[PDB]
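Step one of this worksheet: look at the structure below.
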Amino acid sequence: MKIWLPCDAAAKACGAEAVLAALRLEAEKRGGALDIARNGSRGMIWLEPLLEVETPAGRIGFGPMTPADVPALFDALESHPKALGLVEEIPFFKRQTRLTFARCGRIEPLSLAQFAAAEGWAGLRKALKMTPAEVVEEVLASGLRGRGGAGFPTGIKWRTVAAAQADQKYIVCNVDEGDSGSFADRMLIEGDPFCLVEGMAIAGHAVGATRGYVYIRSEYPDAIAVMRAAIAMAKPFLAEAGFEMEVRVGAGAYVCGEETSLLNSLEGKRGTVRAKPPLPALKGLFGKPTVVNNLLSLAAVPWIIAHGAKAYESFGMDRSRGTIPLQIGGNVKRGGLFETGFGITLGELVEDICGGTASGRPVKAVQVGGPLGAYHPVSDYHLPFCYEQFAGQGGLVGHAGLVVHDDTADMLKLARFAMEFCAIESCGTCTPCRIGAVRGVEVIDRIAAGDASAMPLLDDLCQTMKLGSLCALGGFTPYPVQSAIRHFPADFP
Amino acid sequence: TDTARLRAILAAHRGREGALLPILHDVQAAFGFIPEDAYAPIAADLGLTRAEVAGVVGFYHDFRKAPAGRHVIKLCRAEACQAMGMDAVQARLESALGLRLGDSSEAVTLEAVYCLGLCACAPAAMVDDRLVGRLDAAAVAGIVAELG
Ligand SMILES: Cc1cc2nc3c(=O)[nH]c(=O)nc-3n(C[C@H](O)[C@H](O)[C@H](O)COP(=O)(O)O)c2cc1C
Ligand code: SF4
Ligand code: FES
């Protein structure tokens, strides 16, 4: 029988390798077909080592398959302890719209056949027939905006880059998700990699670029190789587009996720954030215009242009339009990924969909965004997921990161970790992060001691950090602190 | 056979755009660190100065300034992995090896990485190019068993 054993890090980490080994062993001991596949992750990590088996009805999924439970197979798939039935029919997978991550976990990632059979290469082969302006207007009609920031319409960005003359423009994908809880990019590039290739090719054909780049971290060693193999395999499919893309590995810096620092690291220099009289769009990589975007933004481009922009605008609230993946990690029963339209309350996402906590305890904190995001408690369960409303209710929603902490968590430790992070992760260009962070890390310890001349001091520090810092690594660092302080005062003496 | 390797590496990355970072990656991958005896040739072949080649090496954490132990253990310290008890894993493991966070040795090197993508699998570690998740207080036993 056909076997689908994930090749993702979320599976390899949980021991998918041992599952493979045990399966092959038992098959050698018990004569059988033994057809193994190496798909990606479906987006449900609480059972990531799921051994989907083919059947006339569909594909029946299994739980977190430990090699000790492998012997249970080849006997009866119905009387198995870890039975899930149709993996597609799980209420955690059913409720997802799942557009961008549609063909992620149900195909071999580096298989061109399965990709093409899945409506792949449609966006690209459809765009080349169109013009550089028609594509841009398509993109703009949908108001996709920005997925790694406050949200800037990518249509306007592409327009600005297009209306700028130079012998050689550029395009960059900023997949450097050093934020915590954010693992969507990793999945999308380790599963369905050709989507990124396609989106970048489309974007390059649109803007007017011929050379392209993709910036991967070093903490994602599997994704790098996957993307390399994808680029090397799709060279033929890239030729038709007039587009040569190369992977560039980061070197261990969270601040290299900023557009300026990113393209500064691409240039061979050290990733110090630049000032912003000129925008990277006007003057970027090697002084030439460059369109720098996130992966999730360059993963919807093909879908947007092919399936119709009017469709992608249907999903979402009044201002925010389209589907977003919500990554759910930390202390939580059913973690993983939930792709859906905006307007959903995190109450539903955290109390109903993903149950509660793994420990079984209640939740005291829910941190949207990375460590640059406020600590939203249970009381904010009546707050739907959209950029405008969250940015209005003293917070931030970026790459849709979402962790969870139970009652056995100390907010002091976390508020200290925030500044510790802002300190260890800092280029050192402007003072409010150089000194501000390493002084706030002391002020928090002082607060822990019991001093009263620290809290107002801390407030002033946070305010000057907000209003003075050059980038958001030291302009949003105050948010965790202030949130942990104003939401959980029973932990801060 | 250092000059040879370095020259080969530099020849492999000849003509690229912003080729300092890749060249440094390859150098580190070859030896294990960026030797001060290789700040000059890189600078020369790229047209830079020793100063810039040193600044780039200093800014980035992935570029070792001195070698690590036979084994390496990276252990996230971010929010999610912290949530599901990374501190306990850290304590257990550093008691097992006897090396605190950041404290290196000739045997091992315990350090932080601050994410691996294994956020759902909150407790996450990287042991010698092998990722591990759901690191309970029992998995550490096997972590150290295969890791002398
Ligand atoms: C400290 C810091 C880290 C960032 N990290 C990322 C990241 O990992 N991924 C990302 O897409 N954008 C990141 N950004 C946002 C970039 O500045 C830029 O907005 C992004 O590359 C464009 O993505 P869009 O297509 O959603 O506009 C980061 C910004 C800052 C200040
Ligand atoms: S806030 Fe910190 S990381 Fe950001 S530009 Fe200033 S010094 Fe650099
Ligand atoms: S936060 Fe440690 S796994 Fe991503």
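Observations, loosely collected:
- Overall form of chain B per C-alpha gyration tensor (a/c, 1.5; a/b vs b/c): prolate
- Debye log10 I(q)/I(0) for the stretch A:449-493, one point scatterer per Cα, at q = 0.19, 0.21 Å⁻¹: -0.60, -0.71
- The stretch A:295-316 versus the stretch B:115-129: alpha-carbon centroid distance in Å: 32 Å
- Average other protein chain Cβ within 10 Å of Cβ, residues B:70-81: 5
- Total charge dipole magnitude, the protein assembly as shown, about the Cα centre, Cβ charges on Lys, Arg, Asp, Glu only, Debye to nearest 20: 1180 debye
- Pairs beyond 26 Å (Cα-Cα), from A:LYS94/A:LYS333; A:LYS413/B:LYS65; A:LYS364/A:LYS413; A:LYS12/B:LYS65: A:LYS413/B:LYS65; A:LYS12/B:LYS65
- Residue by residue, the stretch A:290-305 carries 3J(HN,Hα) couplings of 9, 9, 10, 9, 7, 5, 4, 7, 9, 9, 9, 3, x, 4, 4, 6 Hz when phi is fed to the Karplus relation 6.51 cos²θ - 1.76 cosθ + 1.60 (θ = phi - 60°); x denotes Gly or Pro.
- Among the chymotrypsin sites (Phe, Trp or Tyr not before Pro) in the stretch A:75-151, none is located in a DSSP loop while being surrounded by at most 14 other Cβ atoms within 10 Å of its own Cβ.
- Order of A:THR154, B:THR49, B:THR109, A:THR290 under a 10 Å beta carbon neighbour criterion, fewest first: B:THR49, B:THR109, A:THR154, A:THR290
- The stretch A:75-126: GluC sites (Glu not before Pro) falling in loop per DSSP and having at most 15 other Cβ within 10 Å: A:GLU78, A:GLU119
- Derived scalar couplings between HN and Hα for the stretch A:440-450 equal x, 5, 7, 4, 5, 4, 5, 4, 4, 4, x Hz in order, rounded to whole Hz, by the Karplus curve 6.51 cos²θ - 1.76 cosθ + 1.60 (θ = phi - 60°), x for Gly and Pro.
- Relative contact order %, the stretch A:411-487, counting alpha carbon pairs below 8 Å whose residues are six or more apart: 36 percent
- The stretch A:161-202-the stretch A:32-90 distance, computed between alpha-carbon centres (Å): 32 Å
- Three-way shape label, the stretch A:320-438, alpha-carbon gyration tensor, a/c 1.5: oblate
- Remark: mean inter-chain Cβ contacts per residue of A:34-43 equal 0, using a 10 Å Cβ-Cβ cutoff to other protein chain atoms.
- Under the criterion of Cα pairs below 8 Å and six or more residues apart, the relative contact order for the stretch A:323-406 equals 36 percent.
- Residue-by-residue Karplus 3J(HN,Hα) for the stretch B:88-105, coefficients 6.51, -1.76, 1.60, Hz, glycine and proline x: 5, 4, 4, 4, 3, 5, 6, 6, 4, 7, x, 10, 5, 4, x, 6, 9, 6
- Cα-based convex hull, the stretch A:112-313, per residue volume (Å³, whole number): 117 Å³
- Shielding by partners, peptide B:16-24 (average Cβ within 10 angstrom, other chains): 5
- Rg/Rh ratio calculated on Cα atoms of the protein assembly as shown (Kirkwood radius): 0.95
- Computed on the stretch A:248-367, with alpha-carbon pairs under 8 angstrom and 6+ residues apart, the relative contact order is 12 percent.
- In this structure, the amide hydrogen of A:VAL292, modeled 1.01 Å from its nitrogen in the peptide plane, lies closer than 5 angstrom to those of A:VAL172, counting only residues at least 5 positions away or on a different chain.
- Proximity of backbone amide H atoms, modeled 1.01 Å from N, is registered between A:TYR375 and A:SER483, A:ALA484 at under 5 Å, excluding neighbours fewer than 5 places apart on the same chain.
- Per DSSP, loop trypsin sites (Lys or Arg not before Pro) in the stretch A:300-374 with at most 15 further Cβ within 10 Å: A:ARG319, A:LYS333
- Estimated 222 nm signal from helices in chain B, with DSSP H stretches of n ≥ 4 weighted -39500 (n - 2.57), rounded to 500: -12000 deg cm²/dmol
- Among beta bridges from DSSP that stay inside the protein assembly as shown, the antiparallel ones total about 60%.
Each reported figure results from applying straightforward, stated rules to the coordinates on display, with no laboratory input. Ideal geometry is used to build each Cβ from the backbone, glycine not excepted, and the neighbour counts take in all protein chains shown.
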